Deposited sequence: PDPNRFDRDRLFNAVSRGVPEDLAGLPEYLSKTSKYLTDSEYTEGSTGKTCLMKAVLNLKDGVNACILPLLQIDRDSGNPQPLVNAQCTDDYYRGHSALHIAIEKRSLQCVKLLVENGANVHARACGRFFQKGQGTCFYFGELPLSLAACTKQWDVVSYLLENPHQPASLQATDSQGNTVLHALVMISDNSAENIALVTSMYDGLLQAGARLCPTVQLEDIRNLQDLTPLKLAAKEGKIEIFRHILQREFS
């Protein structure tokens, strides 16, 4: 009666009703199964029940998330559910933490990070890379938080007691959050203020958190600093920022 196949599991986290998970711990214990087992993940992408739960936040909330994390912890999973990543070429590296940030749920971000979610995991699949259409934010959780203009989430990622995210982290192409901000910037008057606001906030954070490191001098794998990247990519407004910032 307590048997959970993937359908039951996924359906039982999609509606956000934790009582629908009744019997799951006992079943996993009996069968020596884990929530990260191939039978419990989407075959095409490696999508897990935790990712499903986070994708199904309503009003920032899915009451199934913590129970899943607790079940996984209690099971003693050697490969924690929290850090599972997509395995397909398109969504490669996508994690529950990335989803939580995209959903703009600081509460979910905190829950995941508290439970060990890897703040330097890279969403590096084709969907997440330049260069037709893509959903680019420089692959990293911090960079996603910055590119989506979430200072509260950026702040938490940088300062939390579990795994602080590094301002110096780079994506698969050596792009830091500053490079990512250059990339997502445009030359529109209506959009630049928000971008330059996080940019400046991050530089200020750098002065606090890595004072000896000149973040603007970090070069990506194409040997470009954020300023030189801006110039290359025709990001005139941020290029002008970045130059005139200290005035």
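No C-alpha positions are given in the record for the deposited-sequence stretches 1 to 2, 134, 251.
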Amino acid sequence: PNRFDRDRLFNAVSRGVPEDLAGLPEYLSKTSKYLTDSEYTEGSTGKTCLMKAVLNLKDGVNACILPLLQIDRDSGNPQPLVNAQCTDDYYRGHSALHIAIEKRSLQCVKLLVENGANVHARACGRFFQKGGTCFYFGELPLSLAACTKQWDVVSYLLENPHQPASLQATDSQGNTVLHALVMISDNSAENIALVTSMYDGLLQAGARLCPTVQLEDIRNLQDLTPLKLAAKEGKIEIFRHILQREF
From here on, numbers count along this sequence of modelled residues.
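In this entry, 132 to 140 shows the higher mean Cα temperature factor of the pair 92 to 100 and 132 to 140. Stretches 36 to 44 and 194 to 202 differ in mean C-alpha B factor, with the higher average recorded for 36 to 44. Among the modelled residues of the chain, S29 sits in the highest third by CA temperature factor in this PDB entry. Per the PDB record, residue ranking by Cα B-factor puts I184 in the lowest third of the chain. When the modelled residues of the chain are ordered by their C-alpha B factor, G16 lands in the highest third. Remark: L178 belongs to the lowest third of its chain, ranked by C-alpha B-factor as recorded. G234: CA B factor in the middle third of modelled residues in this chain (values from the PDB entry).
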